[PDB]
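Trainee: TSV, N, CA, C and O atoms, saved as target01.tsv, coming up:
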```tsv
chain	number	residue	atom	x	y	z
A	1	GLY	N	-3.87	2.92	26.52
A	1	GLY	CA	-3.74	3.73	25.29
A	1	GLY	C	-4.51	3.12	24.14
A	1	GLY	O	-4.80	1.92	24.15
A	2	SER	N	-4.84	3.93	23.15
A	2	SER	CA	-5.58	3.46	21.99
A	2	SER	C	-5.14	4.21	20.73
A	2	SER	O	-4.73	3.59	19.75
A	3	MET	N	-5.21	5.54	20.75
A	3	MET	CA	-4.84	6.35	19.59
A	3	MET	C	-3.38	6.13	19.19
A	3	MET	O	-3.02	6.26	18.02
A	4	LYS	N	-2.54	5.79	20.16
A	4	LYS	CA	-1.13	5.50	19.88
A	4	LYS	C	-1.01	4.29	18.96
A	4	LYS	O	-0.13	4.24	18.09
A	5	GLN	N	-1.92	3.34	19.12
A	5	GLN	CA	-1.93	2.14	18.30
A	5	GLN	C	-2.32	2.48	16.87
A	5	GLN	O	-1.77	1.92	15.92
A	6	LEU	N	-3.26	3.41	16.73
A	6	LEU	CA	-3.69	3.87	15.41
A	6	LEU	C	-2.55	4.59	14.70
A	6	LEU	O	-2.31	4.38	13.51
A	7	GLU	N	-1.82	5.42	15.45
A	7	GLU	CA	-0.69	6.17	14.90
A	7	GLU	C	0.40	5.22	14.41
A	7	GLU	O	1.04	5.47	13.38
A	8	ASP	N	0.61	4.13	15.14
A	8	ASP	CA	1.60	3.13	14.74
A	8	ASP	C	1.05	2.24	13.63
A	8	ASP	O	1.81	1.64	12.87
A	9	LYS	N	-0.27	2.17	13.53
A	9	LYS	CA	-0.92	1.33	12.54
A	9	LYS	C	-0.89	1.99	11.17
A	9	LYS	O	-0.52	1.37	10.18
A	10	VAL	N	-1.26	3.27	11.13
A	10	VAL	CA	-1.28	4.01	9.87
A	10	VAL	C	0.12	4.11	9.28
A	10	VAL	O	0.31	3.96	8.07
A	11	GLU	N	1.12	4.31	10.14
A	11	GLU	CA	2.51	4.38	9.69
A	11	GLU	C	2.95	3.04	9.13
A	11	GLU	O	3.74	2.97	8.19
A	12	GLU	N	2.43	1.96	9.72
A	12	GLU	CA	2.71	0.62	9.23
A	12	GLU	C	2.19	0.44	7.80
A	12	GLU	O	2.94	0.04	6.91
A	13	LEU	N	0.91	0.71	7.58
A	13	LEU	CA	0.34	0.61	6.23
A	13	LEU	C	0.93	1.64	5.28
A	13	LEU	O	1.01	1.40	4.07
A	14	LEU	N	1.34	2.78	5.81
A	14	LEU	CA	2.08	3.76	5.04
A	14	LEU	C	3.36	3.13	4.53
A	14	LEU	O	3.74	3.28	3.37
A	15	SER	N	4.01	2.37	5.40
A	15	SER	CA	5.21	1.64	5.04
A	15	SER	C	4.88	0.51	4.06
A	15	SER	O	5.65	0.24	3.13
A	16	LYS	N	3.73	-0.15	4.26
A	16	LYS	CA	3.32	-1.23	3.38
A	16	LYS	C	3.19	-0.76	1.94
A	16	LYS	O	3.83	-1.32	1.05
A	17	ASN	N	2.40	0.28	1.71
A	17	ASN	CA	2.16	0.77	0.35
A	17	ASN	C	3.42	1.43	-0.20
A	17	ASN	O	3.64	1.45	-1.41
A	18	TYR	N	4.26	1.94	0.69
A	18	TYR	CA	5.52	2.56	0.28
A	18	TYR	C	6.45	1.52	-0.33
A	18	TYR	O	6.97	1.70	-1.43
A	19	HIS	N	6.64	0.42	0.39
A	19	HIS	CA	7.50	-0.66	-0.08
A	19	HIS	C	6.85	-1.39	-1.25
A	19	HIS	O	7.53	-1.84	-2.17
A	20	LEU	N	5.53	-1.48	-1.21
A	20	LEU	CA	4.77	-2.15	-2.25
A	20	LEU	C	4.85	-1.37	-3.56
A	20	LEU	O	4.91	-1.96	-4.64
A	21	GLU	N	4.86	-0.04	-3.46
A	21	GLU	CA	5.00	0.80	-4.65
A	21	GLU	C	6.39	0.62	-5.26
A	21	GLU	O	6.57	0.73	-6.47
A	22	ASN	N	7.37	0.33	-4.41
A	22	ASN	CA	8.72	0.06	-4.87
A	22	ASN	C	8.76	-1.24	-5.67
A	22	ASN	O	9.59	-1.42	-6.56
A	23	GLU	N	7.83	-2.13	-5.35
A	23	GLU	CA	7.74	-3.42	-6.03
A	23	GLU	C	7.22	-3.22	-7.45
A	23	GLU	O	7.72	-3.84	-8.39
A	24	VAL	N	6.24	-2.35	-7.60
A	24	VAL	CA	5.69	-2.04	-8.92
A	24	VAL	C	6.80	-1.49	-9.82
A	24	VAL	O	6.86	-1.79	-11.01
A	25	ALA	N	7.69	-0.71	-9.22
A	25	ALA	CA	8.79	-0.09	-9.95
A	25	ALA	C	9.83	-1.13	-10.37
A	25	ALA	O	10.56	-0.92	-11.34
A	26	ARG	N	9.90	-2.23	-9.64
A	26	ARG	CA	10.87	-3.27	-9.96
A	26	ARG	C	10.40	-4.08	-11.16
A	26	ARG	O	11.19	-4.44	-12.03
A	27	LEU	N	9.10	-4.35	-11.20
A	27	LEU	CA	8.51	-5.03	-12.36
A	27	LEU	C	8.58	-4.16	-13.61
A	27	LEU	O	8.60	-4.67	-14.72
A	28	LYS	N	8.61	-2.84	-13.42
A	28	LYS	CA	8.73	-1.91	-14.54
A	28	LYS	C	9.96	-2.22	-15.39
A	28	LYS	O	9.91	-2.16	-16.62
A	29	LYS	N	11.05	-2.58	-14.74
A	29	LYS	CA	12.27	-2.94	-15.44
A	29	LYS	C	12.16	-4.33	-16.03
A	29	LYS	O	12.72	-4.63	-17.07
A	30	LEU	N	11.40	-5.19	-15.35
A	30	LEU	CA	11.17	-6.55	-15.84
A	30	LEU	C	10.31	-6.53	-17.10
A	30	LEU	O	10.30	-7.48	-17.88
A	31	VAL	N	9.58	-5.43	-17.28
A	31	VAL	CA	8.77	-5.24	-18.48
A	31	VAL	C	9.55	-4.45	-19.53
A	31	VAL	O	9.37	-4.64	-20.73
A	32	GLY	N	10.46	-3.59	-19.07
A	32	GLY	CA	11.16	-2.70	-19.98
A	32	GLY	C	12.44	-3.30	-20.53
A	32	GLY	O	12.79	-3.06	-21.69
A	33	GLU	N	13.13	-4.10	-19.71
A	33	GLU	CA	14.44	-4.67	-20.07
A	33	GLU	C	15.49	-3.57	-20.14
A	33	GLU	O	16.02	-3.19	-19.08
B	1	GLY	N	-14.43	15.23	16.94
B	1	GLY	CA	-13.96	13.84	16.76
B	1	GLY	C	-12.52	13.78	16.31
B	1	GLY	O	-12.00	14.75	15.76
B	2	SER	N	-11.88	12.65	16.55
B	2	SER	CA	-10.48	12.47	16.17
B	2	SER	C	-10.22	11.02	15.75
B	2	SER	O	-9.75	10.77	14.64
B	3	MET	N	-10.53	10.07	16.63
B	3	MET	CA	-10.30	8.65	16.34
B	3	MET	C	-11.07	8.19	15.10
B	3	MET	O	-10.63	7.28	14.40
B	4	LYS	N	-12.20	8.83	14.83
B	4	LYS	CA	-12.98	8.51	13.64
B	4	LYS	C	-12.18	8.80	12.38
B	4	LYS	O	-12.27	8.08	11.39
B	5	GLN	N	-11.36	9.85	12.44
B	5	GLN	CA	-10.53	10.23	11.31
B	5	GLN	C	-9.44	9.20	11.07
B	5	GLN	O	-9.11	8.88	9.93
B	6	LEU	N	-8.90	8.66	12.17
B	6	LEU	CA	-7.89	7.61	12.09
B	6	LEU	C	-8.48	6.34	11.48
B	6	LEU	O	-7.86	5.70	10.63
B	7	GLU	N	-9.70	6.00	11.90
B	7	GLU	CA	-10.38	4.82	11.39
B	7	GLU	C	-10.63	4.93	9.89
B	7	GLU	O	-10.52	3.95	9.15
B	8	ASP	N	-10.96	6.14	9.44
B	8	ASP	CA	-11.18	6.38	8.01
B	8	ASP	C	-9.85	6.48	7.28
B	8	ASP	O	-9.77	6.23	6.07
B	9	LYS	N	-8.80	6.83	8.00
B	9	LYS	CA	-7.48	7.01	7.41
B	9	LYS	C	-6.82	5.66	7.15
B	9	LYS	O	-6.31	5.41	6.06
B	10	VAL	N	-6.86	4.78	8.15
B	10	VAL	CA	-6.26	3.46	8.02
B	10	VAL	C	-6.95	2.66	6.91
B	10	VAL	O	-6.30	1.97	6.13
B	11	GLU	N	-8.28	2.78	6.83
B	11	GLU	CA	-9.04	2.09	5.80
B	11	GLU	C	-8.66	2.63	4.42
B	11	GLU	O	-8.64	1.89	3.43
B	12	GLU	N	-8.37	3.93	4.36
B	12	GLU	CA	-7.91	4.55	3.12
B	12	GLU	C	-6.59	3.93	2.65
B	12	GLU	O	-6.49	3.48	1.52
B	13	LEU	N	-5.58	3.92	3.52
B	13	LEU	CA	-4.29	3.31	3.16
B	13	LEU	C	-4.41	1.80	2.97
B	13	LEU	O	-3.65	1.21	2.20
B	14	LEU	N	-5.34	1.18	3.68
B	14	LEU	CA	-5.66	-0.22	3.45
B	14	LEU	C	-6.13	-0.39	2.01
B	14	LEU	O	-5.72	-1.32	1.32
B	15	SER	N	-6.95	0.55	1.56
B	15	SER	CA	-7.42	0.55	0.18
B	15	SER	C	-6.27	0.87	-0.78
B	15	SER	O	-6.18	0.29	-1.86
B	16	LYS	N	-5.37	1.78	-0.37
B	16	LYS	CA	-4.23	2.14	-1.20
B	16	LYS	C	-3.37	0.93	-1.52
B	16	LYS	O	-3.15	0.61	-2.69
B	17	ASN	N	-2.91	0.23	-0.49
B	17	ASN	CA	-2.02	-0.91	-0.69
B	17	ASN	C	-2.77	-2.08	-1.33
B	17	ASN	O	-2.18	-2.90	-2.02
B	18	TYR	N	-4.08	-2.12	-1.12
B	18	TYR	CA	-4.92	-3.16	-1.71
B	18	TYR	C	-4.95	-3.00	-3.23
B	18	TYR	O	-4.69	-3.95	-3.97
B	19	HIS	N	-5.25	-1.79	-3.69
B	19	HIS	CA	-5.31	-1.50	-5.12
B	19	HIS	C	-3.91	-1.52	-5.72
B	19	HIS	O	-3.73	-1.93	-6.87
B	20	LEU	N	-2.94	-1.09	-4.94
B	20	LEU	CA	-1.56	-1.04	-5.37
B	20	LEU	C	-1.00	-2.45	-5.57
B	20	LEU	O	-0.22	-2.70	-6.49
B	21	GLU	N	-1.42	-3.38	-4.71
B	21	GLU	CA	-1.01	-4.77	-4.84
B	21	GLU	C	-1.61	-5.38	-6.11
B	21	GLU	O	-1.01	-6.26	-6.74
B	22	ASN	N	-2.78	-4.89	-6.49
B	22	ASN	CA	-3.43	-5.32	-7.73
B	22	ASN	C	-2.61	-4.86	-8.93
B	22	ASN	O	-2.63	-5.49	-9.99
B	23	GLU	N	-1.88	-3.76	-8.76
B	23	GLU	CA	-1.06	-3.20	-9.82
B	23	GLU	C	0.15	-4.09	-10.05
B	23	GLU	O	0.53	-4.34	-11.20
B	24	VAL	N	0.74	-4.58	-8.97
B	24	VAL	CA	1.89	-5.49	-9.07
B	24	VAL	C	1.48	-6.73	-9.85
B	24	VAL	O	2.26	-7.26	-10.65
B	25	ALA	N	0.25	-7.17	-9.64
B	25	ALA	CA	-0.27	-8.37	-10.30
B	25	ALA	C	-0.50	-8.13	-11.79
B	25	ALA	O	-0.46	-9.07	-12.58
B	26	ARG	N	-0.72	-6.88	-12.17
B	26	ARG	CA	-0.97	-6.55	-13.56
B	26	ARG	C	0.34	-6.57	-14.34
B	26	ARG	O	0.40	-7.06	-15.48
B	27	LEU	N	1.40	-6.07	-13.72
B	27	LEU	CA	2.73	-6.12	-14.33
B	27	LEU	C	3.23	-7.56	-14.42
B	27	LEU	O	4.04	-7.87	-15.29
B	28	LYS	N	2.74	-8.43	-13.54
B	28	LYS	CA	3.11	-9.85	-13.58
B	28	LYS	C	2.81	-10.45	-14.95
B	28	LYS	O	3.60	-11.24	-15.47
B	29	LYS	N	1.69	-10.06	-15.54
B	29	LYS	CA	1.32	-10.55	-16.86
B	29	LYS	C	2.14	-9.85	-17.94
B	29	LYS	O	2.44	-10.43	-18.97
B	30	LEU	N	2.51	-8.61	-17.67
B	30	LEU	CA	3.34	-7.84	-18.60
B	30	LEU	C	4.75	-8.41	-18.64
B	30	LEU	O	5.50	-8.18	-19.58
B	31	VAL	N	5.11	-9.15	-17.60
B	31	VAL	CA	6.40	-9.83	-17.54
B	31	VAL	C	6.27	-11.27	-18.05
B	31	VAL	O	7.20	-11.82	-18.63
B	32	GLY	N	5.09	-11.85	-17.87
B	32	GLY	CA	4.90	-13.25	-18.20
B	32	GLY	C	4.46	-13.48	-19.63
B	32	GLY	O	4.85	-14.47	-20.24
B	33	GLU	N	3.65	-12.56	-20.16
B	33	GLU	CA	3.06	-12.69	-21.50
B	33	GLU	C	2.04	-13.81	-21.51
B	33	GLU	O	0.90	-13.58	-21.05
```
I need this file expressed as structure tokens, please.
Mentor:
Amino acid sequence: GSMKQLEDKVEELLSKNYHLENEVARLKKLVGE
Amino acid sequence: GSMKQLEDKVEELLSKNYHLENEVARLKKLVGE
């Protein structure tokens, strides 16, 4: 298999930026108080 | 073609989380002063 790895890979980075975007939102409060 | 789209897709989200991680670093200064 090969395309299956891509499908699992894109979902992984989808998860990366998803959780990472949550991090930006956490600093938002650290800036806002 | 199909796998070519995946290759361009993963690089896109790679770019997404890359630039997004740069955003977290910008708020770091907004928290640090």
Trainee: Find the residues of chain B in contact range of chain A, meaning any atom within 7 Å when counting all atoms listed in the file, and list them as a list in words.
Mentor: residues 3, 6, 9, 10, 13, 14, 16, 17, 20, 21, 23, 24, 27, 28, 30, 31 and 32 of chain B
Trainee: Between atom C of residue 5 (chain A) and atom C of residue 8 (chain B), what is the spacing in Å?
Mentor: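 Computing the Euclidean distance for atom C of residue 8 (chain B) and atom C of residue 5 (chain A) yields 12.8 Å.
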Trainee: Please define a box with edges along x, y and z of the file around all atoms of region 2-20 of chain A given in the file, extend it by 3 Å on each side, and return its centre and edge lengths in Å to one decimal, as JSON.
Mentor:
```
{"center_x": 1.0, "center_y": 2.1, "center_z": 9.3, "size_x": 19.1, "size_y": 14.5, "size_z": 33.8}
```
